[PDB]
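Below is run03.pdb, which holds PDB, N, CA, C and O atoms.
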ATOM      1  N   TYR A 302     -10.539  -8.011  -8.217
ATOM      2  CA  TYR A 302     -10.118  -6.650  -7.933
ATOM      3  C   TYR A 302      -8.898  -6.340  -8.781
ATOM      4  O   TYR A 302      -7.892  -7.052  -8.710
ATOM      5  N   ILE A 303      -8.989  -5.287  -9.582
ATOM      6  CA  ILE A 303      -8.009  -4.987 -10.615
ATOM      7  C   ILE A 303      -7.179  -3.799 -10.166
ATOM      8  O   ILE A 303      -7.711  -2.709  -9.934
ATOM      9  N   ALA A 304      -5.894  -4.008 -10.033
ATOM     10  CA  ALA A 304      -4.971  -2.933  -9.738
ATOM     11  C   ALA A 304      -4.744  -2.094 -10.994
ATOM     12  O   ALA A 304      -4.863  -2.604 -12.108
ATOM     13  N   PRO A 305      -4.411  -0.814 -10.855
ATOM     14  CA  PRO A 305      -4.088   0.001 -12.026
ATOM     15  C   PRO A 305      -2.686  -0.320 -12.529
ATOM     16  O   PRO A 305      -2.001  -1.200 -12.019
ATOM     17  N   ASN A 306      -2.267   0.412 -13.542
ATOM     18  CA  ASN A 306      -0.937   0.202 -14.087
ATOM     19  C   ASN A 306       0.101   0.748 -13.117
ATOM     20  O   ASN A 306      -0.065   1.857 -12.603
ATOM     21  N   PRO A 307       1.173   0.006 -12.831
ATOM     22  CA  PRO A 307       2.177   0.502 -11.884
ATOM     23  C   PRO A 307       3.031   1.627 -12.429
ATOM     24  O   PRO A 307       3.719   2.286 -11.642
ATOM     25  N   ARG A 308       3.017   1.877 -13.735
ATOM     26  CA  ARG A 308       3.733   3.018 -14.286
ATOM     27  C   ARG A 308       2.961   4.316 -14.164
ATOM     28  O   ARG A 308       3.455   5.346 -14.623
ATOM     29  N   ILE A 309       1.762   4.301 -13.592
ATOM     30  CA  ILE A 309       1.064   5.553 -13.344
ATOM     31  C   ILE A 309       1.662   6.256 -12.141
ATOM     32  O   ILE A 309       2.065   7.416 -12.226
ATOM     33  N   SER A 310       1.788   5.547 -11.020
ATOM     34  CA  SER A 310       2.343   6.146  -9.814
ATOM     35  C   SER A 310       3.848   6.352  -9.892
ATOM     36  O   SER A 310       4.406   7.036  -9.033
ATOM     37  N   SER A 311       4.518   5.774 -10.881
ATOM     38  CA  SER A 311       5.965   5.884 -10.966
ATOM     39  C   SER A 311       6.446   7.051 -11.807
ATOM     40  O   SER A 311       7.627   7.393 -11.736
ATOM     41  N   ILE A 312       5.581   7.653 -12.622
ATOM     42  CA  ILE A 312       5.958   8.840 -13.378
ATOM     43  C   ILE A 312       5.403  10.110 -12.771
ATOM     44  O   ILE A 312       5.783  11.206 -13.211
ATOM     45  N   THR A 313       4.511  10.010 -11.788
ATOM     46  CA  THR A 313       3.845  11.202 -11.292
ATOM     47  C   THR A 313       3.701  11.291  -9.782
ATOM     48  O   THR A 313       3.365  12.371  -9.294
ATOM     49  N   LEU A 314       3.936  10.229  -9.021
ATOM     50  CA  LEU A 314       3.884  10.327  -7.573
ATOM     51  C   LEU A 314       5.247  10.231  -6.924
ATOM     52  O   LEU A 314       5.447  10.802  -5.854
ATOM     53  N   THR A 315       6.183   9.522  -7.543
ATOM     54  CA  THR A 315       7.565   9.437  -7.091
ATOM     55  C   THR A 315       8.501   9.864  -8.210
ATOM     56  O   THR A 315       9.459   9.169  -8.546
ATOM     57  N   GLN A 316       8.217  11.011  -8.830
ATOM     58  CA  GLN A 316       9.082  11.502  -9.898
ATOM     59  C   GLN A 316      10.418  11.982  -9.342
ATOM     60  O   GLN A 316      11.481  11.595  -9.838
ATOM     61  N   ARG A 317      10.393  12.812  -8.303
ATOM     62  CA  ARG A 317      11.616  13.248  -7.645
ATOM     63  C   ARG A 317      11.800  12.436  -6.371
ATOM     64  O   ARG A 317      10.947  12.461  -5.480
ATOM     65  N   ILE A 318      12.915  11.707  -6.293
ATOM     66  CA  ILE A 318      13.175  10.851  -5.147
ATOM     67  C   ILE A 318      13.941  11.564  -4.048
ATOM     68  O   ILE A 318      14.302  10.932  -3.047
ATOM     69  N   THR A 319      14.207  12.859  -4.198
ATOM     70  CA  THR A 319      14.874  13.588  -3.130
ATOM     71  C   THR A 319      13.940  13.850  -1.959
ATOM     72  O   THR A 319      14.398  13.947  -0.817
ATOM     73  N   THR A 320      12.643  13.965  -2.211
ATOM     74  CA  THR A 320      11.673  14.269  -1.171
ATOM     75  C   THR A 320      10.767  13.069  -0.922
ATOM     76  O   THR A 320      10.760  12.093  -1.674
ATOM     77  N   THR A 321      10.003  13.146   0.170
ATOM     78  CA  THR A 321       8.932  12.204   0.471
ATOM     79  C   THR A 321       7.732  12.997   0.956
ATOM     80  O   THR A 321       7.823  14.194   1.230
ATOM     81  N   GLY A 322       6.601  12.311   1.060
ATOM     82  CA  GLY A 322       5.394  12.913   1.562
ATOM     83  C   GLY A 322       4.435  11.865   2.074
ATOM     84  O   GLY A 322       4.807  10.710   2.294
ATOM     85  N   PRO A 323       3.176  12.245   2.273
ATOM     86  CA  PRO A 323       2.195  11.250   2.713
ATOM     87  C   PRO A 323       1.821  10.278   1.617
ATOM     88  O   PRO A 323       1.606   9.096   1.894
ATOM     89  N   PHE A 324       1.735  10.738   0.371
ATOM     90  CA  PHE A 324       1.372   9.834  -0.712
ATOM     91  C   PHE A 324       2.542   8.952  -1.108
ATOM     92  O   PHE A 324       2.355   7.776  -1.430
ATOM     93  N   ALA A 325       3.755   9.497  -1.080
ATOM     94  CA  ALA A 325       4.922   8.779  -1.568
ATOM     95  C   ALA A 325       5.368   7.655  -0.647
ATOM     96  O   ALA A 325       6.205   6.850  -1.057
ATOM     97  N   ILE A 326       4.853   7.587   0.579
ATOM     98  CA  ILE A 326       5.134   6.450   1.448
ATOM     99  C   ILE A 326       4.187   5.298   1.148
ATOM    100  O   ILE A 326       4.608   4.140   1.058
ATOM    101  N   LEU A 327       2.909   5.602   0.934
ATOM    102  CA  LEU A 327       1.870   4.587   0.853
ATOM    103  C   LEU A 327       1.933   3.728  -0.401
ATOM    104  O   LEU A 327       1.266   2.690  -0.434
ATOM    105  N   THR A 328       2.685   4.128  -1.428
ATOM    106  CA  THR A 328       2.726   3.330  -2.649
ATOM    107  C   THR A 328       3.451   2.011  -2.429
ATOM    108  O   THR A 328       3.067   0.986  -2.998
ATOM    109  N   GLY A 329       4.486   2.010  -1.603
ATOM    110  CA  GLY A 329       5.161   0.771  -1.291
ATOM    111  C   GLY A 329       4.540   0.064  -0.107
ATOM    112  O   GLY A 329       5.168  -0.058   0.947
ATOM    113  N   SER A 330       3.305  -0.400  -0.265
ATOM    114  CA  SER A 330       2.624  -1.132   0.790
ATOM    115  C   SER A 330       1.590  -2.051   0.163
ATOM    116  O   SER A 330       0.901  -1.666  -0.783
ATOM    117  N   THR A 331       1.490  -3.256   0.693
ATOM    118  CA  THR A 331       0.605  -4.279   0.177
ATOM    119  C   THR A 331      -0.520  -4.552   1.165
ATOM    120  O   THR A 331      -0.315  -4.463   2.377
ATOM    121  N   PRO A 332      -1.720  -4.872   0.686
ATOM    122  CA  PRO A 332      -2.826  -5.134   1.609
ATOM    123  C   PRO A 332      -2.669  -6.471   2.308
ATOM    124  O   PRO A 332      -2.224  -7.454   1.716
ATOM    125  N   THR A 333      -3.056  -6.503   3.577
ATOM    126  CA  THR A 333      -3.007  -7.730   4.356
ATOM    127  C   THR A 333      -4.227  -8.589   4.036
ATOM    128  O   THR A 333      -4.964  -8.344   3.079
ATOM    129  N   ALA A 334      -4.452  -9.625   4.839
ATOM    130  CA  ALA A 334      -5.596 -10.494   4.598
ATOM    131  C   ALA A 334      -6.893  -9.826   5.023
ATOM    132  O   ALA A 334      -7.935 -10.025   4.392
ATOM    133  N   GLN A 335      -6.852  -9.034   6.087
ATOM    134  CA  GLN A 335      -8.049  -8.363   6.566
ATOM    135  C   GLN A 335      -8.235  -6.986   5.953
ATOM    136  O   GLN A 335      -9.372  -6.526   5.829
ATOM    137  N   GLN A 336      -7.153  -6.314   5.562
ATOM    138  CA  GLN A 336      -7.299  -5.015   4.919
ATOM    139  C   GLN A 336      -7.782  -5.134   3.487
ATOM    140  O   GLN A 336      -8.223  -4.136   2.917
ATOM    141  N   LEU A 337      -7.688  -6.313   2.887
ATOM    142  CA  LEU A 337      -8.387  -6.543   1.635
ATOM    143  C   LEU A 337      -9.855  -6.847   1.878
ATOM    144  O   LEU A 337     -10.696  -6.559   1.023
ATOM    145  N   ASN A 338     -10.185  -7.400   3.044
ATOM    146  CA  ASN A 338     -11.576  -7.674   3.370
ATOM    147  C   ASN A 338     -12.350  -6.407   3.680
ATOM    148  O   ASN A 338     -13.579  -6.408   3.594
ATOM    149  N   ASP A 339     -11.667  -5.321   4.026
ATOM    150  CA  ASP A 339     -12.369  -4.059   4.191
ATOM    151  C   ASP A 339     -12.638  -3.388   2.855
ATOM    152  O   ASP A 339     -13.623  -2.658   2.732
ATOM    153  N   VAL A 340     -11.790  -3.619   1.852
ATOM    154  CA  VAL A 340     -12.069  -3.106   0.514
ATOM    155  C   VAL A 340     -13.263  -3.827  -0.085
ATOM    156  O   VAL A 340     -14.083  -3.226  -0.785
ATOM    157  N   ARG A 341     -13.392  -5.120   0.201
ATOM    158  CA  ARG A 341     -14.596  -5.858  -0.159
ATOM    159  C   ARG A 341     -15.805  -5.342   0.606
ATOM    160  O   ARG A 341     -16.932  -5.402   0.106
ATOM    161  N   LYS A 342     -15.582  -4.808   1.802
ATOM    162  CA  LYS A 342     -16.642  -4.231   2.606
ATOM    163  C   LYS A 342     -16.969  -2.802   2.192
ATOM    164  O   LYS A 342     -18.049  -2.311   2.527
ATOM    165  N   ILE A 343     -16.066  -2.129   1.472
ATOM    166  CA  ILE A 343     -16.383  -0.825   0.889
ATOM    167  C   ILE A 343     -17.375  -0.985  -0.249
ATOM    168  O   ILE A 343     -18.431  -0.346  -0.268
ATOM    169  N   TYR A 344     -17.050  -1.848  -1.212
ATOM    170  CA  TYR A 344     -17.820  -1.960  -2.443
ATOM    171  C   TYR A 344     -19.196  -2.565  -2.239
ATOM    172  O   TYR A 344     -20.038  -2.450  -3.130
ATOM    173  N   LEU A 345     -19.440  -3.222  -1.109
ATOM    174  CA  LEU A 345     -20.800  -3.634  -0.796
ATOM    175  C   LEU A 345     -21.668  -2.427  -0.489
ATOM    176  O   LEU A 345     -22.847  -2.396  -0.848
ATOM    177  N   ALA A 346     -21.097  -1.415   0.152
ATOM    178  CA  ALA A 346     -21.845  -0.227   0.524
ATOM    179  C   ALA A 346     -21.909   0.809  -0.580
ATOM    180  O   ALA A 346     -22.619   1.804  -0.426
ATOM    181  N   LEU A 347     -21.176   0.613  -1.668
ATOM    182  CA  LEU A 347     -21.333   1.459  -2.836
ATOM    183  C   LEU A 347     -22.426   0.964  -3.762
ATOM    184  O   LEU A 347     -22.976   1.760  -4.524
ATOM    185  N   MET A 348     -22.767  -0.320  -3.702
ATOM    186  CA  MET A 348     -23.799  -0.881  -4.561
ATOM    187  C   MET A 348     -25.192  -0.750  -3.977
ATOM    188  O   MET A 348     -26.164  -0.664  -4.734
ATOM    189  N   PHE A 349     -25.319  -0.750  -2.654
ATOM    190  CA  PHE A 349     -26.583  -0.506  -1.970
ATOM    191  C   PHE A 349     -26.455   0.861  -1.322
ATOM    192  O   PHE A 349     -25.948   0.964  -0.199
ATOM    193  N   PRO A 350     -26.865   1.940  -1.998
ATOM    194  CA  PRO A 350     -26.422   3.286  -1.609
ATOM    195  C   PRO A 350     -26.893   3.803  -0.261
ATOM    196  O   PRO A 350     -26.066   4.105   0.601
ATOM    197  N   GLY A 351     -28.194   3.891  -0.046
ATOM    198  CA  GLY A 351     -28.659   4.456   1.201
ATOM    199  C   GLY A 351     -28.799   3.400   2.270
ATOM    200  O   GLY A 351     -28.834   3.701   3.464
TER
ATOM    201  N   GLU B  19      12.490 -11.155  19.446
ATOM    202  CA  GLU B  19      12.569 -11.345  18.001
ATOM    203  C   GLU B  19      11.183 -11.490  17.371
ATOM    204  O   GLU B  19      10.279 -10.709  17.664
ATOM    205  N   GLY B  20      11.022 -12.488  16.502
ATOM    206  CA  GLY B  20       9.763 -12.707  15.824
ATOM    207  C   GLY B  20       9.557 -11.769  14.656
ATOM    208  O   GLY B  20       8.604 -10.985  14.637
ATOM    209  N   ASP B  21      10.456 -11.833  13.681
ATOM    210  CA  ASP B  21      10.352 -11.036  12.469
ATOM    211  C   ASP B  21       9.869 -11.905  11.314
ATOM    212  O   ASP B  21      10.186 -13.095  11.231
ATOM    213  N   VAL B  22       9.099 -11.293  10.419
ATOM    214  CA  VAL B  22       8.549 -11.980   9.261
ATOM    215  C   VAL B  22       9.084 -11.284   8.012
ATOM    216  O   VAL B  22       9.523 -10.131   8.051
ATOM    217  N   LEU B  23       9.083 -12.016   6.900
ATOM    218  CA  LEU B  23       9.566 -11.489   5.633
ATOM    219  C   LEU B  23       8.716 -12.063   4.511
ATOM    220  O   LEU B  23       8.269 -13.211   4.578
ATOM    221  N   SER B  24       8.488 -11.249   3.482
ATOM    222  CA  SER B  24       7.652 -11.636   2.355
ATOM    223  C   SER B  24       8.299 -11.126   1.074
ATOM    224  O   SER B  24       9.400 -10.566   1.091
ATOM    225  N   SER B  25       7.611 -11.324  -0.047
ATOM    226  CA  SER B  25       8.112 -10.865  -1.339
ATOM    227  C   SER B  25       7.698  -9.413  -1.540
ATOM    228  O   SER B  25       6.533  -9.128  -1.837
ATOM    229  N   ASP B  26       8.647  -8.493  -1.381
ATOM    230  CA  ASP B  26       8.385  -7.074  -1.549
ATOM    231  C   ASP B  26       9.396  -6.472  -2.511
ATOM    232  O   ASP B  26      10.552  -6.897  -2.575
ATOM    233  N   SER B  27       8.939  -5.473  -3.263
ATOM    234  CA  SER B  27       9.778  -4.766  -4.215
ATOM    235  C   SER B  27       9.979  -3.301  -3.868
ATOM    236  O   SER B  27      10.745  -2.625  -4.560
ATOM    237  N   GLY B  28       9.305  -2.791  -2.840
ATOM    238  CA  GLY B  28       9.486  -1.425  -2.406
ATOM    239  C   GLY B  28      10.644  -1.302  -1.442
ATOM    240  O   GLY B  28      10.547  -1.687  -0.274
ATOM    241  N   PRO B  29      11.772  -0.745  -1.915
ATOM    242  CA  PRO B  29      13.018  -0.822  -1.140
ATOM    243  C   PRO B  29      13.039   0.098   0.066
ATOM    244  O   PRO B  29      13.700  -0.185   1.069
ATOM    245  N   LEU B  30      12.327   1.213  -0.031
ATOM    246  CA  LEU B  30      12.320   2.198   1.038
ATOM    247  C   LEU B  30      11.052   2.115   1.863
ATOM    248  O   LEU B  30      11.089   2.213   3.095
ATOM    249  N   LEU B  31       9.931   1.914   1.195
ATOM    250  CA  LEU B  31       8.637   2.216   1.765
ATOM    251  C   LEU B  31       8.073   1.064   2.579
ATOM    252  O   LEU B  31       7.158   1.279   3.382
ATOM    253  N   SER B  32       8.596  -0.146   2.390
ATOM    254  CA  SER B  32       8.143  -1.281   3.179
ATOM    255  C   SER B  32       9.073  -1.567   4.346
ATOM    256  O   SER B  32       8.626  -2.098   5.368
ATOM    257  N   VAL B  33      10.359  -1.223   4.224
ATOM    258  CA  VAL B  33      11.280  -1.425   5.341
ATOM    259  C   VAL B  33      11.106  -0.386   6.435
ATOM    260  O   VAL B  33      11.661  -0.561   7.526
ATOM    261  N   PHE B  34      10.371   0.698   6.166
ATOM    262  CA  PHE B  34       9.920   1.574   7.242
ATOM    263  C   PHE B  34       9.025   0.816   8.211
ATOM    264  O   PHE B  34       9.154   0.956   9.433
ATOM    265  N   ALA B  35       8.117   0.001   7.678
ATOM    266  CA  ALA B  35       7.251  -0.839   8.490
ATOM    267  C   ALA B  35       7.956  -2.081   9.012
ATOM    268  O   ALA B  35       7.361  -2.822   9.801
ATOM    269  N   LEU B  36       9.196  -2.334   8.590
ATOM    270  CA  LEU B  36       9.924  -3.480   9.119
ATOM    271  C   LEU B  36      10.426  -3.207  10.530
ATOM    272  O   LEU B  36      10.508  -4.130  11.347
ATOM    273  N   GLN B  37      10.735  -1.946  10.848
ATOM    274  CA  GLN B  37      11.055  -1.592  12.226
ATOM    275  C   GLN B  37       9.820  -1.576  13.117
ATOM    276  O   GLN B  37       9.959  -1.584  14.345
ATOM    277  N   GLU B  38       8.619  -1.548  12.531
ATOM    278  CA  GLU B  38       7.398  -1.702  13.311
ATOM    279  C   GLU B  38       7.214  -3.132  13.807
ATOM    280  O   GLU B  38       6.472  -3.352  14.770
ATOM    281  N   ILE B  39       7.863  -4.105  13.168
ATOM    282  CA  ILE B  39       7.917  -5.449  13.729
ATOM    283  C   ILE B  39       8.947  -5.494  14.854
ATOM    284  O   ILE B  39       8.795  -6.254  15.818
ATOM    285  N   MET B  40       9.983  -4.655  14.771
ATOM    286  CA  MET B  40      10.963  -4.566  15.847
ATOM    287  C   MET B  40      10.380  -3.847  17.058
ATOM    288  O   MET B  40      10.574  -4.281  18.198
ATOM    289  N   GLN B  41       9.634  -2.771  16.829
ATOM    290  CA  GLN B  41       8.993  -2.045  17.919
ATOM    291  C   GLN B  41       7.538  -2.472  18.084
ATOM    292  O   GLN B  41       7.253  -3.611  18.453
TER
END

Now that the file is in, can you turn its structure into structure tokens?
Amino acid sequence: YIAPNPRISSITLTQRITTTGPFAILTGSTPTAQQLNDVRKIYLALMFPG
Amino acid sequence: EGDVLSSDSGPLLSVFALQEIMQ
């Protein structure tokens, strides 16, 4: 599982640090052991569509 | 008590969830 470049969210999601929002909180969060297992459970259902 | 700590670089956004270990 490949993360994107970390300079993408740093020039366009947290450009102004005076404010916060719903997106600007979630960037500083890491997946747990089971919340990564749900991402593995997402991509199984994208490959077998119906 | 019972607090945990890991390697984090988000100074604001992860310590919000650190009080969730307190509460």

Mind checking which residues fall within 8 Å of residue 30 (chain B), counting only N, CA, C and O atoms, ignoring those fewer than 3 positions away in the same chain, and posting them as a PyMOL selection string? (chain A and resi 325-326+329) or (chain B and resi 27+33-36)

Region 24-30 of chain B: axis-aligned bounding box, 3 Å on each side, centre and edge lengths in Å, one decimal, as AutoDock Vina command-line options:
--center_x 10.1 --center_y -4.7 --center_z -0.5 --size_x 13.2 --size_y 19.8 --size_z 14.0

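Rounded to one decimal, CA of residue 23 (chain B) and CA of residue 338 (chain A) lie 21.6 Å from each other.
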
Atom O of residue 334 (chain A) to atom O of residue 315 (chain A): how many Å, to one decimal?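 Between atom O of residue 334 (chain A) and atom O of residue 315 (chain A) the gap is 29.0 Å.
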
Could you list, as a PyMOL selection string, every residue matched by the PyMOL selection byres ((chain B) within 5 of (chain A)) in this structure? chain B and resi 28+31-32

Point (9.2, -10.6, 17.2), cut-off 7 Å, counting all atoms listed in the file, residues as a PyMOL selection string: chain B and resi 19-22+39-40
